[PDB]
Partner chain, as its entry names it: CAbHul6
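Taking the form solved without its partner chain, here's one chain by itself in C-alpha coordinates.
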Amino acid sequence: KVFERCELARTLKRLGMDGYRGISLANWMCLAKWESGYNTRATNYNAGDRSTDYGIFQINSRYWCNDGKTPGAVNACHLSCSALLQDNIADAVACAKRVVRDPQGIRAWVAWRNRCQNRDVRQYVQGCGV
(Lines give C-alpha, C1' and ligand atoms only; values in the text may rest on other atoms or scores of the structure.)
Protein backbone atom coordinates (compact mmCIF):
# COMPACT_ATOMS: atom_id res chain seq x y z
CA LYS A 1 0.00 0.00 0.00
CA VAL A 2 1.17 3.47 -0.97
CA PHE A 3 -0.37 5.82 1.59
CA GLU A 4 -1.80 9.23 0.74
CA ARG A 5 0.04 12.00 2.60
CA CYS A 6 -2.72 13.13 5.01
CA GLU A 7 -3.96 9.59 5.36
CA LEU A 8 -0.59 8.57 6.80
CA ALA A 9 -0.32 11.69 9.01
CA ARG A 10 -3.65 10.82 10.67
CA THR A 11 -2.59 7.19 10.99
CA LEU A 12 0.73 8.02 12.71
CA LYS A 13 -0.96 10.51 15.05
CA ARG A 14 -3.47 7.85 16.10
CA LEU A 15 -0.54 5.48 16.77
CA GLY A 16 1.20 7.91 19.13
CA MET A 17 3.98 9.27 16.89
CA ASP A 18 3.44 13.03 17.31
CA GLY A 19 6.06 14.26 19.74
CA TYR A 20 7.39 10.77 20.50
CA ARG A 21 10.84 11.35 22.08
CA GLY A 22 10.41 14.96 20.96
CA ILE A 23 9.98 14.05 17.29
CA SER A 24 7.21 15.92 15.48
CA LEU A 25 4.71 14.22 13.15
CA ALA A 26 6.10 16.37 10.28
CA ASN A 27 9.58 14.95 10.89
CA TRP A 28 8.25 11.36 10.82
CA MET A 29 6.41 12.21 7.58
CA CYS A 30 9.56 13.70 6.02
CA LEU A 31 11.50 10.52 6.65
CA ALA A 32 8.77 8.14 5.41
CA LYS A 33 8.57 10.26 2.25
CA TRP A 34 12.25 10.10 1.42
CA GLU A 35 12.85 6.57 2.71
CA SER A 36 9.97 4.88 0.89
CA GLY A 37 7.64 7.38 -0.76
CA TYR A 38 4.99 6.17 1.73
CA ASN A 39 5.08 2.59 0.32
CA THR A 40 4.68 -0.32 2.74
CA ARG A 41 6.10 -2.88 0.30
CA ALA A 42 9.35 -0.97 -0.27
CA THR A 43 12.47 -3.15 0.11
CA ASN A 44 16.11 -2.34 -0.60
CA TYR A 45 18.99 -4.80 -0.50
CA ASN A 46 22.52 -3.76 0.45
CA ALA A 47 24.84 -6.00 -1.57
CA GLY A 48 27.72 -4.63 0.48
CA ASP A 49 26.82 -5.82 3.99
CA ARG A 50 24.18 -8.22 2.76
CA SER A 51 21.22 -6.75 4.64
CA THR A 52 17.78 -5.54 3.52
CA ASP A 53 15.67 -2.52 4.47
CA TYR A 54 11.90 -3.23 4.72
CA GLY A 55 8.73 -1.21 4.38
CA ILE A 56 7.63 2.36 4.83
CA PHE A 57 10.39 3.28 7.34
CA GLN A 58 13.00 1.03 5.66
CA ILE A 59 13.92 -0.85 8.79
CA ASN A 60 17.15 -2.86 8.46
CA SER A 61 17.30 -6.65 8.83
CA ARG A 62 20.68 -6.74 10.61
CA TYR A 63 19.64 -4.90 13.78
CA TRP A 64 15.85 -4.72 13.95
CA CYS A 65 13.78 -7.48 12.30
CA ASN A 66 14.55 -11.07 11.29
CA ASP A 67 14.47 -12.30 7.69
CA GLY A 68 16.70 -15.31 8.33
CA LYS A 69 19.13 -14.60 5.51
CA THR A 70 21.10 -11.73 7.05
CA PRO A 71 24.54 -12.51 8.58
CA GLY A 72 24.94 -11.39 12.20
CA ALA A 73 21.33 -10.22 12.63
CA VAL A 74 20.17 -9.11 16.09
CA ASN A 75 16.36 -8.69 15.81
CA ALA A 76 16.02 -5.95 18.44
CA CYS A 77 12.35 -5.36 17.54
CA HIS A 78 11.65 -9.08 17.90
CA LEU A 79 9.72 -9.05 14.65
CA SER A 80 9.77 -11.04 11.43
CA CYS A 81 10.74 -8.66 8.62
CA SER A 82 7.59 -9.73 6.79
CA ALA A 83 5.47 -7.96 9.43
CA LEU A 84 7.02 -4.77 8.10
CA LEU A 85 5.61 -5.42 4.63
CA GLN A 86 1.91 -5.42 5.69
CA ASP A 87 -0.68 -2.77 4.69
CA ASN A 88 -1.27 -2.22 8.41
CA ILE A 89 1.63 -0.24 9.83
CA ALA A 90 1.12 -0.88 13.58
CA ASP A 91 4.13 -3.24 13.86
CA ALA A 92 6.24 -0.84 11.75
CA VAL A 93 5.47 2.02 14.14
CA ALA A 94 6.20 -0.04 17.25
CA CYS A 95 9.56 -1.06 15.75
CA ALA A 96 10.27 2.51 14.58
CA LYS A 97 9.73 3.68 18.19
CA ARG A 98 12.22 1.05 19.37
CA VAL A 99 14.84 2.29 16.86
CA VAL A 100 14.78 5.88 18.19
CA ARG A 101 15.32 4.52 21.71
CA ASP A 102 18.88 3.53 20.80
CA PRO A 103 21.83 5.95 21.28
CA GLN A 104 21.76 7.63 17.87
CA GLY A 105 18.01 8.21 17.84
CA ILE A 106 16.44 9.48 14.61
CA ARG A 107 19.91 9.81 13.14
CA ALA A 108 19.51 6.05 12.42
CA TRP A 109 17.63 7.00 9.23
CA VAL A 110 19.96 8.09 6.46
CA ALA A 111 17.13 9.97 4.77
CA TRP A 112 16.34 12.13 7.77
CA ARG A 113 20.00 13.14 7.93
CA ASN A 114 20.19 14.08 4.22
CA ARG A 115 16.79 15.59 3.49
CA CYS A 116 15.00 16.45 6.73
CA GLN A 117 17.48 17.58 9.36
CA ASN A 118 17.80 21.31 9.89
CA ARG A 119 15.12 21.88 7.29
CA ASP A 120 11.57 23.26 7.38
CA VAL A 121 9.23 20.24 7.14
CA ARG A 122 5.80 21.80 7.94
CA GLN A 123 4.71 21.19 4.34
CA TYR A 124 4.40 17.48 5.14
CA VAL A 125 1.40 17.95 7.43
CA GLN A 126 -0.23 21.20 6.32
CA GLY A 127 -3.88 20.62 5.44
CA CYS A 128 -4.18 17.18 7.02
CA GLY A 129 -6.16 18.19 10.08
CA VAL A 130 -3.61 16.93 12.60
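Positions refer to the first chain, counted from 1. We call the rigid core the largest set of C-alpha positions that still match within 1.5 Å between the two forms.
**Student:** State which stretch is farther from the displayed form on average in 4 other deposited structures of this protein, 98-106 or 24-32, counting RMS CA distance after fitting on the rigid core.
**Tutor:** When 98-106 and 24-32 are compared in 4 other deposited structures of this protein, 98-106 lies farther out.
**Student:** So which stretch wins on mean C-alpha B-factor, 59-67 or 101-109?
**Tutor:** The entry gives the higher C-alpha B-factor average to 101-109.
**Student:** Out of 113-121 and 5-13, which stretch has the higher average CA B-factor listed in the record?
**Tutor:** If you average the C-alpha B-factors of 113-121 and of 5-13, the larger mean comes out for 113-121.
**Student:** Which of these, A32, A42, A73, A26, has its C-alpha atom at the highest B-factor, as the entry lists it?
**Tutor:** Result of the comparison over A32, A42, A73, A26: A73.
**Student:** Relative to the other modelled residues in the chain, which third contains the C-alpha temperature factor of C81: lowest, middle or highest?
**Tutor:** Lowest third of the chain for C81's C-alpha B-factor.
**Student:** How does the C-alpha B factor of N46 compare with the rest of the chain: lowest, middle or highest third?
**Tutor:** Top third by C-alpha B-factor.
The same protein has a further form, the form solved in complex with its partner chain, not shown here; the description that follows concerns it.
**Student:** Heavy atom within 4.5 Å of its partner chain in the entry with it bound: which residues of 77-105 meet that condition, in order?
**Tutor:** Counting only heavy atoms within 4.5 Å of its partner chain in the entry with it bound, the contacting residues of 77-105 are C77, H78, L79, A90, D91, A94, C95, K97, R98, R101.
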